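Residue numbers run from 1 in the order of the sequence given.
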Amino acid sequence: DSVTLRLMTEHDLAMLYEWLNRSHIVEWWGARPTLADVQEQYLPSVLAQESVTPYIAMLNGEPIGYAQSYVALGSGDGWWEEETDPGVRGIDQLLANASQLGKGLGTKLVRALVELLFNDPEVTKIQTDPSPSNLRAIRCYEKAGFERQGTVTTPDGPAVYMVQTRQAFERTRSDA
Ligand SMILES: CC(=O)SCCNC(=O)CCNC(=O)[C@H](O)C(C)(C)COP(=O)(O)OP(=O)(O)OC[C@H]1O[C@@H](n2cnc3c(N)ncnc32)[C@H](O)[C@@H]1OP(=O)(O)O
Ligand SMILES: N[C@@H]1[C@@H](O)[C@@H](O[C@@H]2[C@@H](O)[C@H](O[C@H]3O[C@H](CO)[C@@H](O)[C@H](O)[C@H]3N)[C@@H](N)C[C@H]2N)O[C@H](CO)[C@H]1O
Ligand SMILES: [Ca+2]
Ligand SMILES: [Ca+2]
């Protein structure tokens with residue numbers, strides 16, 4: 001059914017810790033953080049100082065994944081140094097359950113996150129940066145309305161820079 005987003009809290013950290021150690025996640029995210037790693041890195045107030053907002057994806061009253069949005073400009077640590085536009089938001093996300101992968105749930109999560117961010121009238125464009133090897137994530141982002149721009153170097157290595165502008169989001173709301 002319907003994928004929604006709520007803010008992540010401190011109460012979600014043990015669950016997030018478990019998720020980040022599942023093999024389908026460890027593969028693409030990180031790696032293998034301890035409980036204390038997750039607690040000190042993903043505490044919502046700690047993420048705040050990075051301009052990162054954490055969310056839990058919800059489906060039929062159950063938590064099914066983690067997402068984050070961030071302000072690209074001024075990200076620090078070598079991140080997004082050529083950005084000039086404070087309206088740009090980036091996203092990252094994962095699905096908690098291996099049994100639920102490749103069933104279009106990720107596309108729904110991404111669509112829900114993109115709609116959320118464009119409801120901040122200050123947001124001009126959403127970016128994402130899946131690794132070149134992560135073809136499944138790239139295809140998920142494409143189905144969700146993102147377009148591949150090219151390869152950029154990040155502190156996590158080269159990435160496929162993908163974007164969806166507000167104008168593209170407006171134009172793809174109706175077929176009128
Ligand atoms: C910037 C970043 O966040 S980097 C990426 C982040 N996270 C991860 O990779 C964590 C582990 N993976 C996940 O949590 C999830 O797979 C997500 C969120 C990346 C994507 O969600 P999913 O539900 O699996 O994707 P969804 O099914 O909606 O779409 C994936 C597409 O790739 C295709 N696909 C499925 N498996 C693969 C694969 N192994 N290789 C290539 N393509 C694949 C699917 O068929 C679908 O395309 P199609 O509908 O045209 O046939
Ligand atoms: N100052 C930064 C802050 O801007 C922010 O950077 C963002 C990262 O989090 C994202 O990576 C995450 O998602 C990836 C999956 O998409 C995982 O492969 C990765 O393991 C995970 N970390 C990047 N894709 C985009 C960055 N802008 O968070 C950092 C540490 O948490 C801070 O140092
Ligand atoms: Ca505002
Ligand atoms: Ca239209």
Side-chain angles (χ1 to χ4, degrees), residues 3 5 8 16 19-33 37-38 41-42 46-55 57 65-96 98 100-120 122-173:
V3 173
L5 299 155
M8 190 182 75
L16 181 56
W19 291 353
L20 293 175
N21 284 279
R22 292 176 174 176
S23 72
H24 79 280
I25 286 153
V26 171
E27 185 175 1
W28 300 113
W29 200 285
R32 303 195 162 287
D37 291 345
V38 174
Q41 302 169 26
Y42 291 87
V46 165
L47 286 171
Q49 299 158 34
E50 300 304 324
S51 293
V52 179
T53 305
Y55 310 98
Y66 169 86
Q68 51 180 41
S69 64
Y70 57 84
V71 180
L73 178 64
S75 274
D77 323 314
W79 289 101
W80 316 115
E81 293 183 340
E82 302 170 24
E83 189 51 75
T84 57
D85 177 8
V88 174
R89 301 286 175 276
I91 61 169
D92 306 283
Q93 72 300 305
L94 63 93
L95 292 171
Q100 290 177 322
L101 303 171
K103 291 179 189 184
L105 227 45
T107 303
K108 289 180 193 322
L109 191 175
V110 179
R111 296 196 173 129
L113 187 44
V114 163
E115 176 167 318
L116 181 150
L117 292 164
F118 284 132
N119 280 337
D120 176 356
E122 293 174 49
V123 170
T124 52
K125 176 174 85 183
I126 303 161
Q127 67 176 41
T128 191
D129 63 332
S131 87
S133 300
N134 199 351
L135 303 168
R136 181 182 54 203
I138 296 161
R139 182 61 192 142
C140 168
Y141 287 120
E142 285 184 332
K143 300 197 284 158
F146 285 81
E147 291 177 20
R148 283 184 250 196
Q149 298 308 112
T151 298
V152 294
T153 309
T154 79
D156 290 347
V160 184
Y161 195 67
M162 306 182 69
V163 297
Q164 186 178 353
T165 66
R166 180 180 286 287
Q167 193 172 60
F169 179 82
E170 290 161 359
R171 290 174 172 180
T172 57
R173 283 326 82 183

For [X], enumerate each residue passing the side chain to side chain contact (heavy atoms under 4.5 Å, CB included) test, keeping only those at least two apart in sequence or located in another chain.
X     : result
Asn21 : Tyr17, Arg32, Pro33
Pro86 : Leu73
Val71 : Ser51, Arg89

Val46 and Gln41: side-chain contact (heavy atoms from CB on, under 4.5 Å), yes or no, with the steps? CA-CA 6 Å; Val46 165; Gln41 302 169 26; 5.6 Å; no
Measure from the side-chain N and O atoms of [X] to the backbone N and O of [Y], and report whether any donor-acceptor pair falls under 3.5 Å.
X      : Y      : result
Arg136 : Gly102 : no
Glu50  : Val52  : no
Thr128 : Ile91  : yes
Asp77  : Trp79  : no

Distance check, rounded to the nearest 0.5 Å: [X] atom [atom1] versus [Y] atom [atom2]?
X      : Y      : atom1 : atom2 : answer
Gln164 : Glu147 : CD    : CD    : 8.5 Å
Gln93  : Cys140 : CD    : SG    : 6.0 Å
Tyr70  : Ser75  : OH    : OG    : 6.5 Å
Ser69  : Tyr55  : OG    : OH    : 3.0 Å
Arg139 : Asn134 : CZ    : CG    : 14.0 Å
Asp129 : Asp92  : CG    : CG    : 6.0 Å

Taking ring-ring contact (aromatic ring centres under 6.0 Å, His included) as the test, write out the residues that go with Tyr161, two or more places apart. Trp80
Looking at [X] and [Y], what are the two nearest heavy atoms and their distance?
X      : Y      : value
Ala96  : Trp19  : CB-CE2, 3.3 Å
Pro132 : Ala159 : CD-CA, 4.1 Å
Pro130 : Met162 : CG-SD, 3.8 Å
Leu95  : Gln100 : CD1-O, 4.0 Å
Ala72  : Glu83  : CB-CG, 4.2 Å
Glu81  : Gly78  : OE2-CA, 3.4 Å

Looking only at the side chains, is there a donor atom on one of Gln68 and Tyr66 sitting less than 3.5 Å from an acceptor on the other? yes
Residue pairs meeting ring pair (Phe, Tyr, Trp, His ring centres under 6.0 Å), one or both in residues 122-143, sequence neighbours left out, come to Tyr141-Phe146
Could you check whether atom CD of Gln149 has more than 12 heavy atoms from other residues, nucleotides or ligands sitting under 6.0 Å from it? yes
Evaluate whether atom CD of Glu122 has more than 12 neighbouring non-hydrogen atoms of other residues, nucleotides or ligands under 6.0 angstrom away. no
Should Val163 and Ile126 count as side-chain neighbours, where that means a heavy-atom distance under 4.5 Å? no
Decide yes or no for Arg166 and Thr124: does some side-chain heavy atom of the first lie under 4.5 Å from some side-chain heavy atom of the second? no
Run the side-chain donor-acceptor check on residues 105-118: report pairs under 3.5 Å with partners two or more places apart or on a different chain.
| from | atom 1 | to | atom 2 | distance (Å) |
| --- | --- | --- | --- | --- |
| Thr107 | OG1 | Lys143 | NZ | 3.4 |
| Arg111 | NH2 | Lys143 | O | 3.2 |

